[PDB]
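Only this structure's heavy atoms are used, side chains among them; waters, hydrogens and symmetry mates stay out. Numbers here are sequence positions counted from 1. For ligands, and for the atoms within them, numbers begin at 1 and follow the listed sequence.
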Amino acid sequence: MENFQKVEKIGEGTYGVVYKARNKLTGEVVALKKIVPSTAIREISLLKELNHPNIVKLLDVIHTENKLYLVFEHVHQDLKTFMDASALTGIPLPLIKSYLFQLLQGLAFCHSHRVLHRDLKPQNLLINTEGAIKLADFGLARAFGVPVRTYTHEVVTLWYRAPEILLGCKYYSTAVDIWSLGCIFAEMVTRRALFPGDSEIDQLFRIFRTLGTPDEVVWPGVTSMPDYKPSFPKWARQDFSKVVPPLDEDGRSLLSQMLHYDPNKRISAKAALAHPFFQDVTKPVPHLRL
Ligand SMILES: C[C@@H]1C[C@H]2CN1CCn1[nH]c3c(cccc3c1=O)-c1nc3c(cccc3[nH]c1=O)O2
């Protein structure tokens, strides 16, 4: 695009390369994403109006010469990078709680307009120097079906995928994003991925080994799911005190509700914001080197 000048390749999203670039017009630095059916066009345009402080802002959509470029506000780094860097001492609890609180606000907003992210993961959570965190690539999934492999052939991570998606439910709800965020919450606290599956069945079985194999008791209708197999091994449910120490009682109570098997029992983003865990929530400034 004539109006932009690439500064550097800052990443590789699911749909295309992402560059940090400068707008020759406004002089603003931005994140340029390379990705055209009419349906995707209408969908992307809807995204230009769902603005929230905790959602990476979609500045412009350039559909030129049968190509799609999405211009997004630029945010210095992602959460994955910050997490790896904080592997030795871990992200202090006050900051973890602040990030979770902000993410829940971003989700509550999106879910109120019936938009789901569908693919939340540390990598698409962006953080700035002022203590804020924002959801990136929000809504791109419905527009462009999230594939098994990226344009670069990298395997899309299954670690944050909700069980209903894994079991074949085709009309999953906003609850899938709460599941993902819960997995991220646990990972920030323990400094280790909660369910690092490397295939759909390994992903499903890791979930089962920690939370117990779901049945009609905890999840009515589960046995009727498309990919549910009566032959799934029967694992006992582990205790959360063992899964996410040293997270306190309120935190464990909240995480448990975010990880409920039944999508209808799983806590909503809105209800999560009123949880006592956030009673003493604050907004501290992180220690990140740019
Ligand atoms: C955000 C995820 C991960 C990587 C590829 N992304 C996936 C593709 N992608 N990248 C996006 C960005 C901003 C806004 C929206 C998107 C987006 O959808 C930016 N992306 C990135 C980044 C990695 C390290 C720093 C920045 N900074 C950014 O500003 O992208």
Side-chain angles (χ1 to χ4, degrees), residues 1 4-23 26-36 40-41 43-63 67-86 99 102-103 106-107 109-110 115-161 177 180-181 183-184 187 193 286 288-290:
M1 217 307 109
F4 297 85
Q5 56 163 297
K6 306 177 184 305
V7 167
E8 65 180 304
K9 175 179 173 180
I10 60 181
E12 298 179 56
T14 313
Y15 318 110
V17 196
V18 174
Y19 294 106
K20 176 174 177 191
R22 183 183 301 289
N23 188 323
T26 64
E28 180 64 74
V29 293
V30 86
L32 209 299
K33 181 176 194 175
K34 296 176 177 295
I35 307 298
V36 187
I41 291 303
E43 291 296 307
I44 298 300
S45 294
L46 268 54
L47 294 176
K48 297 153 58 178
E49 260 53 69
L50 33 283
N51 303 132
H52 186 93
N54 300 103
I55 296 181
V56 186
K57 187 178 187 178
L58 176 49
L59 277 39
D60 301 294
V61 178
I62 295 175
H63 183 197
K67 294 298 303 172
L68 252 196
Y69 302 101
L70 302 184
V71 189
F72 286 101
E73 73 172 293
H74 177 262
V75 186
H76 284 68
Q77 73 178 79
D78 63 285
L79 185 67
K80 173 61 177 175
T81 292
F82 185 56
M83 291 176 82
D84 295 337
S86 305
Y99 283 168
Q102 291 183 61
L103 260 21
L107 250 38
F109 176 76
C110 290
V115 173
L116 343 176
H117 183 107
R118 202 290 178 179
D119 196 36
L120 286 195
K121 69 185 78 171
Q123 302 102 88
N124 49 46
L125 262 19
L126 305 178
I127 61 178
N128 60 39
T129 58
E130 295 154 61
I133 184 167
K134 312 181 176 190
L135 294 150
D137 177 86
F138 214 106
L140 282 306
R142 189 169 70 167
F144 319 116
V146 48
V148 49
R149 294 177 181 288
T150 317
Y151 73 115
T152 180
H153 306 296
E154 294 178 295
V155 309
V156 174
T157 181
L158 285 41
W159 303 0
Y160 312 92
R161 195 160 299 178
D177 293 334
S180 297
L181 182 58
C183 287
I184 296 173
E187 196 179 322
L288 45 74
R289 178 46 59 208
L290 301 170

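With hydrogens left out, the protein atom closest to atom 4 (C) of ligand 1 is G11 CA, 4.2 Å, a heavy atom. Atom 24 (C) of ligand 1 has as its closest protein heavy atom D78 OD1, 3.7 Å. Protein heavy atom closest to atom 15 (C) of ligand 1, with residue, atom name and distance, is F72 CG, 3.4 Å. Nearest to atom 23 (C) of ligand 1 among the protein's heavy atoms is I10 O, 3.5 Å.
Contact between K20 and ligand 1 is absent, with no heavy atom of the residue lying under 4.0 Å from the ligand.
Only the side chain of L126 comes within contact range of ligand 1, with a heavy atom under 4.0 Å; no backbone atom does. Of all the heavy atoms of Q123, the ones lying under 4.0 Å from any atom of ligand 1 belong exclusively to the backbone. When non-hydrogen atoms are compared, ligand 1 lies under 4.0 Å from the backbone of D137 as well as from its side chain. With a 4.0 Å heavy-atom cut-off, ligand 1 is reached by the side chain of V18 but not by its N, CA, C or O. Heavy atoms of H76 found under 4.0 angstrom from ligand 1 belong exclusively to the backbone.
In this structure, the side chains of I41 and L68 come closer than 4.5 Å at one or more pairs of heavy atoms. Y99 has its side chain within reach of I133: a pair of non-hydrogen atoms, C-beta onward, lies under 4.5 Å apart. Contact of the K33 side chain with the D137 side chain is registered, since non-hydrogen atoms from C-beta on lie closer than 4.5 Å. Using a 4.5 Å heavy-atom cutoff, the side chains of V156 and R161 are in contact. Looking at heavy atoms from C-beta onward, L79 lies in side-chain contact with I184 at the 4.5 angstrom threshold. Under the 4.5 Å side-chain criterion, counting only non-hydrogen atoms from C-beta, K48 is in contact with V61. At a threshold of 4.5 Å between non-hydrogen side-chain atoms, the residues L140 and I44 count as touching.
Within the structure, ring pair (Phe, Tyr, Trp, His ring centres under 6.0 Å) pairs that include any residue of residues 132-156 comprise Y15-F144, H117-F138 (at least two apart or interchain).
For ligand 1 and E73, the ligand atoms under 4.0 Å from any heavy atom of the residue are 13 (C), 14 (C), 29 (O). Close approach of ligand 1 to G13 (heavy-atom distance below 4.0 Å) involves ligand atoms 5 (C), 7 (C), 8 (C).
Here the options are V56, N54, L120, the test is side chain to side chain contact (heavy atoms under 4.5 Å, CB included), and the partner is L135; only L120 passes.
Note: an N/O pair closer than 3.5 Å links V75 and ligand 1 by distance alone. The N/O atoms of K33, backbone and side chain alike, include one that comes under 3.5 Å of an N/O atom in ligand 1.
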